[PDB]
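Raw contents of data-v6.txt, compact mmCIF, C-alpha atoms and all ligand atoms:
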```
# COMPACT_ATOMS: atom_id res chain seq x y z
CA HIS A 8 -94.78 198.07 128.63
CA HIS A 9 -97.51 195.97 130.40
CA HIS A 10 -97.94 198.14 133.63
CA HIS A 11 -101.46 199.45 132.66
CA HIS A 12 -103.13 196.84 135.02
CA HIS A 13 -101.55 198.57 138.12
CA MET A 14 -103.62 201.71 137.21
CA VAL A 15 -104.59 203.83 140.29
CA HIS A 16 -107.14 206.73 140.38
CA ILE A 17 -105.10 209.83 141.45
CA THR A 18 -106.76 213.02 142.79
CA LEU A 19 -105.02 216.35 143.64
CA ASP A 20 -104.75 217.59 147.27
CA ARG A 21 -105.94 221.30 147.24
CA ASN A 22 -104.28 221.82 150.66
CA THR A 23 -100.72 221.21 149.22
CA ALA A 24 -101.20 223.50 146.18
CA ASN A 25 -99.36 226.77 145.60
CA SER A 26 -101.92 229.56 146.22
CA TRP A 27 -102.01 230.53 142.45
CA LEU A 28 -103.17 227.07 141.30
CA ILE A 29 -106.74 226.26 140.21
CA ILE A 30 -107.73 222.61 140.78
CA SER A 31 -110.88 221.41 138.96
CA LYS A 32 -114.01 220.30 140.93
CA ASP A 33 -113.21 216.60 140.13
CA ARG A 34 -109.62 217.13 141.49
CA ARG A 35 -108.22 215.64 138.23
CA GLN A 36 -106.90 218.86 136.53
CA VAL A 37 -104.69 221.74 137.66
CA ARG A 38 -103.66 225.04 135.96
CA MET A 39 -101.89 228.24 137.17
CA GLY A 40 -104.37 231.13 137.68
CA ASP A 41 -103.47 234.74 136.68
CA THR A 42 -103.48 235.77 140.44
CA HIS A 43 -103.63 234.53 144.11
CA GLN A 44 -106.66 232.11 144.27
CA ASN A 45 -108.05 233.54 147.60
CA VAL A 46 -107.02 230.55 149.85
CA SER A 47 -105.44 230.78 153.36
CA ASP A 48 -101.71 229.95 153.79
CA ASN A 49 -100.71 226.67 155.50
CA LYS A 50 -97.41 224.81 156.12
CA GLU A 51 -98.27 222.20 153.36
CA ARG A 52 -98.42 224.69 150.41
CA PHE A 53 -95.48 224.86 147.99
CA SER A 54 -94.46 228.59 148.27
CA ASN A 55 -91.89 229.27 145.47
CA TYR A 56 -93.20 227.10 142.60
CA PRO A 57 -96.57 226.16 141.01
CA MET A 58 -96.52 222.63 142.58
CA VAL A 59 -99.21 220.35 144.08
CA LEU A 60 -99.31 216.73 145.41
CA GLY A 61 -101.72 213.88 144.82
CA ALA A 62 -103.85 212.93 147.87
CA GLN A 63 -102.83 209.23 147.64
CA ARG A 64 -99.86 207.94 149.76
CA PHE A 65 -98.02 204.78 148.58
CA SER A 66 -95.77 202.67 150.93
CA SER A 67 -95.98 199.28 149.06
CA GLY A 68 -96.91 197.66 145.73
CA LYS A 69 -96.96 198.66 142.10
CA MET A 70 -98.79 201.83 140.90
CA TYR A 71 -99.35 203.34 137.42
CA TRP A 72 -101.04 206.58 136.29
CA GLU A 73 -101.04 208.88 133.17
CA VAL A 74 -100.85 212.67 132.86
CA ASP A 75 -101.83 214.86 129.84
CA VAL A 76 -99.22 217.62 129.08
CA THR A 77 -100.68 218.75 125.68
CA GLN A 78 -99.39 222.21 124.47
CA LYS A 79 -97.36 222.94 127.66
CA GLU A 80 -93.88 224.57 127.36
CA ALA A 81 -92.74 223.64 130.92
CA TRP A 82 -93.72 221.12 133.64
CA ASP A 83 -92.30 218.65 136.20
CA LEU A 84 -93.88 215.19 136.90
CA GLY A 85 -93.19 212.17 139.05
CA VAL A 86 -93.30 211.19 142.78
CA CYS A 87 -91.85 212.57 145.99
CA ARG A 88 -91.54 211.71 149.70
CA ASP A 89 -94.51 212.92 151.81
CA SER A 90 -91.92 214.94 153.91
CA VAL A 91 -90.31 217.04 151.08
CA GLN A 92 -89.54 220.71 151.87
CA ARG A 93 -92.52 223.01 150.92
CA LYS A 94 -91.05 226.54 151.53
CA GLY A 95 -88.15 228.37 149.88
CA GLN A 96 -85.87 227.34 147.01
CA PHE A 97 -84.79 223.70 146.40
CA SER A 98 -83.70 221.42 143.51
CA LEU A 99 -85.69 218.36 142.33
CA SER A 100 -83.25 215.48 143.16
CA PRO A 101 -83.46 212.08 144.87
CA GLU A 102 -81.27 213.56 147.68
CA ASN A 103 -84.19 216.04 148.36
CA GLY A 104 -86.86 213.25 148.09
CA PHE A 105 -87.99 213.72 144.39
CA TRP A 106 -88.03 211.25 141.41
CA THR A 107 -89.08 213.46 138.50
CA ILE A 108 -88.66 214.36 134.83
CA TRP A 109 -89.37 217.71 133.22
CA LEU A 110 -89.71 219.80 130.12
CA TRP A 111 -87.89 223.18 130.01
CA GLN A 112 -86.84 225.36 127.02
CA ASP A 113 -87.45 222.68 124.37
CA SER A 114 -85.45 219.93 126.21
CA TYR A 115 -86.55 217.00 128.42
CA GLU A 116 -84.41 216.09 131.48
CA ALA A 117 -84.46 213.60 134.39
CA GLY A 118 -84.24 215.17 137.90
CA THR A 119 -80.92 213.50 138.86
CA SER A 120 -78.11 215.58 140.47
CA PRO A 121 -76.86 216.82 138.14
CA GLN A 122 -79.77 216.48 135.68
CA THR A 123 -79.68 213.91 132.85
CA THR A 124 -80.52 214.63 129.16
CA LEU A 125 -83.49 212.55 127.84
CA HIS A 126 -83.60 211.40 124.20
CA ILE A 127 -87.22 211.93 122.99
CA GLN A 128 -87.94 211.76 119.18
CA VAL A 129 -91.79 212.19 119.56
CA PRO A 130 -92.76 215.07 121.94
CA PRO A 131 -95.20 213.40 124.40
CA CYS A 132 -98.82 214.62 124.83
CA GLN A 133 -99.34 212.05 127.68
CA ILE A 134 -96.80 210.58 130.19
CA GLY A 135 -97.14 207.23 132.01
CA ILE A 136 -95.58 207.01 135.51
CA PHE A 137 -94.86 203.54 137.04
CA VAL A 138 -93.72 203.04 140.69
CA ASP A 139 -92.55 199.69 142.14
CA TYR A 140 -92.11 200.48 145.86
CA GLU A 141 -90.38 197.20 146.86
CA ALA A 142 -88.02 197.15 143.83
CA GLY A 143 -87.10 200.87 144.29
CA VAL A 144 -88.07 201.82 140.68
CA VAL A 145 -89.73 204.88 139.09
CA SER A 146 -90.23 204.67 135.29
CA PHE A 147 -91.64 207.14 132.76
CA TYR A 148 -93.30 206.17 129.44
CA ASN A 149 -94.18 208.18 126.26
CA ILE A 150 -97.89 207.26 125.68
CA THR A 151 -97.87 209.27 122.33
CA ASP A 152 -95.00 207.01 121.05
CA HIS A 153 -96.63 203.56 121.74
CA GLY A 154 -95.49 203.61 125.42
CA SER A 155 -91.72 203.86 124.68
CA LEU A 156 -89.44 204.18 127.76
CA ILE A 157 -88.32 207.72 128.64
CA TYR A 158 -86.36 207.11 131.88
CA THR A 159 -85.92 204.63 134.77
CA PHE A 160 -84.72 205.65 138.27
CA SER A 161 -83.48 202.43 139.87
CA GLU A 162 -81.98 201.68 143.35
CA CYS A 163 -84.33 204.44 144.67
CA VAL A 164 -84.16 205.07 148.45
CA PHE A 165 -87.76 206.29 149.01
CA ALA A 166 -87.27 206.45 152.81
CA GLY A 167 -90.98 207.24 153.43
CA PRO A 168 -94.48 207.23 151.96
CA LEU A 169 -94.60 208.52 148.34
CA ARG A 170 -97.05 211.05 146.84
CA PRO A 171 -97.70 211.81 143.14
CA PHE A 172 -95.91 215.14 142.34
CA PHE A 173 -96.88 217.84 139.79
CA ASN A 174 -95.54 221.23 138.65
CA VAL A 175 -97.66 223.11 136.00
CA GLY A 176 -94.63 225.47 135.48
CA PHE A 177 -94.28 229.28 135.19
CA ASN A 178 -96.26 231.19 132.49
CA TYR A 179 -93.95 234.22 131.97
CA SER A 180 -94.18 233.54 128.17
CA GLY A 181 -97.99 233.42 127.88
CA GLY A 182 -97.49 230.06 126.11
CA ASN A 183 -97.73 227.73 129.19
CA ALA A 184 -101.30 228.32 130.53
CA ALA A 185 -102.56 224.81 129.59
CA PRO A 186 -103.48 222.44 132.45
CA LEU A 187 -101.97 219.14 133.64
CA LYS A 188 -104.79 216.52 133.52
CA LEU A 189 -104.98 213.06 135.08
CA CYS A 190 -106.15 210.84 132.15
CA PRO A 191 -108.94 208.29 132.63
CA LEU A 192 -108.23 204.56 133.21
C1 LIG B 201 -98.05 234.07 135.38
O1 LIG B 201 -96.69 233.69 135.16
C2 LIG B 201 -95.74 234.28 136.02
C3 LIG B 201 -95.01 233.21 136.80
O2 LIG B 201 -94.81 232.11 136.28
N1 LIG B 201 -94.64 233.54 138.03
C4 LIG B 201 -93.90 232.65 138.92
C5 LIG B 201 -94.79 231.85 139.85
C6 LIG B 201 -96.16 231.83 139.69
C7 LIG B 201 -96.96 231.10 140.56
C8 LIG B 201 -96.39 230.39 141.59
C9 LIG B 201 -95.03 230.40 141.76
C10 LIG B 201 -94.23 231.13 140.89
```

Would you encode the structure as structure tokens?
Amino acid sequence: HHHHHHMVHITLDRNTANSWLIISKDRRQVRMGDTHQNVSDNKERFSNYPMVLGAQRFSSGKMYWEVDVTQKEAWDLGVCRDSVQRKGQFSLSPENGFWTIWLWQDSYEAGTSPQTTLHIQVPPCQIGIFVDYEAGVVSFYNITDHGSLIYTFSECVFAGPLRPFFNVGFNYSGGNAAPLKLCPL
């Protein structure tokens, strides 16, 4: 792909984070802490899952960023509507305002309803995310495999401003402590 020139500098919004997440001082890395991180509750925080949003809101144009997933067992990445549900249980689907992929139990899947199997020969250490607001497109690229396409959501109905979306995943296994990191431009 040739989307690199739409690169945007994403930072994490502390105020949207689940109360167990630790966001780095530079707001470019996030990991799940071993306990509550001593923050007050607010209506923005994701309650049930270890999720956080980017600070940036997109309503037009073309945007590209990269995320490092090295040595993680489980994670979700993509974009979502600014107005997605924060509290209680919900599924990641376009009907709920999410355009995401994920890793879970050694398989990669796109957050369609129902979910779609992805065909990945080279486990990615970094993921590229491309959004074309006007075209209604969200695309995912395998940076480890020379930028090969993972998945394209097309005919997206964003229906609002978009925010970068992250889930560091559960760490029941003790094998998923590693952070998500926004990779430099
Ligand atoms: C440490 O691992 C246990 C675990 O993953 N618990 C579930 C959970 C943790 C934090 C926020 C939401 C849900």

### Message
as a list in words, please: the residues near residue A:142 (cut-off 9 Å, all atoms listed in the file, same-chain neighbours under 5 positions excluded).
### Response
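Listing them by chain and then by number gives residues 161, 162 and 163 of chain A.
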
Produce the centre coordinates and the three edge lengths, each in Å to one decimal, of the box along x, y and z that contains all listed atoms of stretch 113-118 of chain A with 8 Å added on each side, as JSON.
```
{"center_x": -85.8, "center_y": 218.1, "center_z": 131.1, "size_x": 19.2, "size_y": 25.1, "size_z": 29.5}
```

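Near residue A:20, within 12 Å and counting all atoms listed in the file, sit residues 17, 23, 24, 25, 28, 29, 30, 31, 32, 33, 34, 35, 36, 37, 51, 52, 53, 58, 59, 60, 61, 62, 63, 64, 170, 171, 172 and 173 of chain A; same-chain residues fewer than 3 positions away were not included.
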
### From A:155, A:42, A:92, A:49, residue lying nearest ligand LIG 201 (chain B) [all atoms listed in the file]
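Checking each candidate against ligand LIG 201 (chain B), we get A:42 as the closest.
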
If we count only C-alpha atoms and set the cut-off at 12 Å, which residues sit around residue A:123, ignoring sequence neighbours fewer than 3 positions away in its own chain? Please answer as a PDB file with C-alpha atoms, in the coordinates of the input.
```
ATOM      1  CA  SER A 100     -83.250 215.480 143.160  1.00  0.00           C
ATOM      2  CA  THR A 107     -89.080 213.460 138.500  1.00  0.00           C
ATOM      3  CA  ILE A 108     -88.660 214.360 134.830  1.00  0.00           C
ATOM      4  CA  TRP A 109     -89.370 217.710 133.220  1.00  0.00           C
ATOM      5  CA  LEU A 110     -89.710 219.800 130.120  1.00  0.00           C
ATOM      6  CA  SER A 114     -85.450 219.930 126.210  1.00  0.00           C
ATOM      7  CA  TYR A 115     -86.550 217.000 128.420  1.00  0.00           C
ATOM      8  CA  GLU A 116     -84.410 216.090 131.480  1.00  0.00           C
ATOM      9  CA  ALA A 117     -84.460 213.600 134.390  1.00  0.00           C
ATOM     10  CA  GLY A 118     -84.240 215.170 137.900  1.00  0.00           C
ATOM     11  CA  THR A 119     -80.920 213.500 138.860  1.00  0.00           C
ATOM     12  CA  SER A 120     -78.110 215.580 140.470  1.00  0.00           C
ATOM     13  CA  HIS A 126     -83.600 211.400 124.200  1.00  0.00           C
ATOM     14  CA  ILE A 157     -88.320 207.720 128.640  1.00  0.00           C
ATOM     15  CA  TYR A 158     -86.360 207.110 131.880  1.00  0.00           C
ATOM     16  CA  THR A 159     -85.920 204.630 134.770  1.00  0.00           C
ATOM     17  CA  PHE A 160     -84.720 205.650 138.270  1.00  0.00           C
TER      18      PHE A 160
END
```

Within 9 Å of ligand LIG 201 (chain B): each chain A residue with its shortest pair, only C-alpha atoms and all ligand atoms, as a tab-separated table:
```
residue	atom	partner	partner_atom	distance
A:25	CA	B:LIG201	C8	6.2
A:26	CA	B:LIG201	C8	7.3
A:27	CA	B:LIG201	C7	5.4
A:28	CA	B:LIG201	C7	7.4
A:39	CA	B:LIG201	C7	6.6
A:40	CA	B:LIG201	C1	7.3
A:41	CA	B:LIG201	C1	5.6
A:42	CA	B:LIG201	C1	7.6
A:43	CA	B:LIG201	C7	8.3
A:53	CA	B:LIG201	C9	8.3
A:54	CA	B:LIG201	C9	6.8
A:55	CA	B:LIG201	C9	5.0
A:56	CA	B:LIG201	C9	3.9
A:57	CA	B:LIG201	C8	4.3
A:58	CA	B:LIG201	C8	7.8
A:176	CA	B:LIG201	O2	6.7
A:177	CA	B:LIG201	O2	3.1
A:178	CA	B:LIG201	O1	3.7
A:179	CA	B:LIG201	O1	4.2
A:180	CA	B:LIG201	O1	7.4
A:181	CA	B:LIG201	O1	7.4
A:183	CA	B:LIG201	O1	8.5
A:184	CA	B:LIG201	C1	8.2
```

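With all atoms listed in the file as the atoms that count, the residue of A:148, A:98, A:167, A:18 with the shortest distance to residue A:188 is A:18.
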
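Nearest residue to residue A:15, choosing from A:46, A:190, A:185, A:91 and counting only C-alpha atoms: A:190.
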
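Take the candidates A:132, A:150, A:192, A:145 and check each one against residue A:80 using all atoms listed in the file; the shortest distance goes to A:132.
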
C-alpha atoms of stretch 114-166 of chain A from block above, as a PDB file, in the first residue's frame:
```pdb
ATOM      1  CA  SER A 114      -6.831 -16.855  15.500  1.00  0.00           C
ATOM      2  CA  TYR A 115      -7.313 -13.411  13.886  1.00  0.00           C
ATOM      3  CA  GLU A 116     -10.896 -12.212  13.136  1.00  0.00           C
ATOM      4  CA  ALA A 117     -12.653  -9.120  11.732  1.00  0.00           C
ATOM      5  CA  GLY A 118     -15.354  -7.578  14.006  1.00  0.00           C
ATOM      6  CA  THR A 119     -18.273  -8.149  11.589  1.00  0.00           C
ATOM      7  CA  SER A 120     -21.576  -9.652  12.878  1.00  0.00           C
ATOM      8  CA  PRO A 121     -20.985 -12.510  12.900  1.00  0.00           C
ATOM      9  CA  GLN A 122     -17.161 -12.292  12.969  1.00  0.00           C
ATOM     10  CA  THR A 123     -15.073 -13.110   9.869  1.00  0.00           C
ATOM     11  CA  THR A 124     -11.996 -15.423   9.808  1.00  0.00           C
ATOM     12  CA  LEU A 125      -8.775 -13.632   8.662  1.00  0.00           C
ATOM     13  CA  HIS A 126      -6.096 -15.509   6.676  1.00  0.00           C
ATOM     14  CA  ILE A 127      -2.700 -14.421   8.112  1.00  0.00           C
ATOM     15  CA  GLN A 128       0.450 -16.489   7.183  1.00  0.00           C
ATOM     16  CA  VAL A 129       2.933 -14.147   9.051  1.00  0.00           C
ATOM     17  CA  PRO A 130       1.774 -13.246  12.621  1.00  0.00           C
ATOM     18  CA  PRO A 131       1.981  -9.407  12.682  1.00  0.00           C
ATOM     19  CA  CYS A 132       4.203  -7.522  15.189  1.00  0.00           C
ATOM     20  CA  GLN A 133       2.828  -4.150  13.860  1.00  0.00           C
ATOM     21  CA  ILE A 134      -0.611  -3.315  12.318  1.00  0.00           C
ATOM     22  CA  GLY A 135      -1.351  -0.394   9.948  1.00  0.00           C
ATOM     23  CA  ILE A 136      -4.860   1.142  10.150  1.00  0.00           C
ATOM     24  CA  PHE A 137      -6.150   3.281   7.216  1.00  0.00           C
ATOM     25  CA  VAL A 138      -9.447   5.288   7.354  1.00  0.00           C
ATOM     26  CA  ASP A 139     -11.014   7.063   4.342  1.00  0.00           C
ATOM     27  CA  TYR A 140     -13.951   8.958   5.897  1.00  0.00           C
ATOM     28  CA  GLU A 141     -15.628  10.062   2.630  1.00  0.00           C
ATOM     29  CA  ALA A 142     -15.240   6.654   0.909  1.00  0.00           C
ATOM     30  CA  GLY A 143     -16.520   4.766   4.021  1.00  0.00           C
ATOM     31  CA  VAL A 144     -13.419   2.490   4.231  1.00  0.00           C
ATOM     32  CA  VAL A 145     -11.373   1.042   7.125  1.00  0.00           C
ATOM     33  CA  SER A 146      -8.387  -1.134   6.077  1.00  0.00           C
ATOM     34  CA  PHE A 147      -5.827  -3.098   8.096  1.00  0.00           C
ATOM     35  CA  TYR A 148      -2.274  -3.924   6.926  1.00  0.00           C
ATOM     36  CA  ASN A 149       0.382  -6.440   8.158  1.00  0.00           C
ATOM     37  CA  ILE A 150       3.541  -4.234   8.511  1.00  0.00           C
ATOM     38  CA  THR A 151       5.660  -7.390   9.383  1.00  0.00           C
ATOM     39  CA  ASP A 152       4.653  -8.949   5.993  1.00  0.00           C
ATOM     40  CA  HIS A 153       5.631  -5.991   3.685  1.00  0.00           C
ATOM     41  CA  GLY A 154       2.280  -4.199   4.323  1.00  0.00           C
ATOM     42  CA  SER A 155       0.041  -7.045   2.988  1.00  0.00           C
ATOM     43  CA  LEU A 156      -3.751  -6.455   3.297  1.00  0.00           C
ATOM     44  CA  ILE A 157      -5.441  -8.097   6.297  1.00  0.00           C
ATOM     45  CA  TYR A 158      -9.037  -6.801   5.935  1.00  0.00           C
ATOM     46  CA  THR A 159     -11.140  -4.010   4.354  1.00  0.00           C
ATOM     47  CA  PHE A 160     -14.494  -2.820   5.782  1.00  0.00           C
ATOM     48  CA  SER A 161     -16.229  -1.048   2.903  1.00  0.00           C
ATOM     49  CA  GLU A 162     -19.638   0.745   2.652  1.00  0.00           C
ATOM     50  CA  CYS A 163     -19.076   1.798   6.320  1.00  0.00           C
ATOM     51  CA  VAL A 164     -21.844   3.967   7.847  1.00  0.00           C
ATOM     52  CA  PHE A 165     -19.721   5.932  10.385  1.00  0.00           C
ATOM     53  CA  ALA A 166     -22.702   8.129  11.390  1.00  0.00           C
TER      54      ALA A 166
END
```
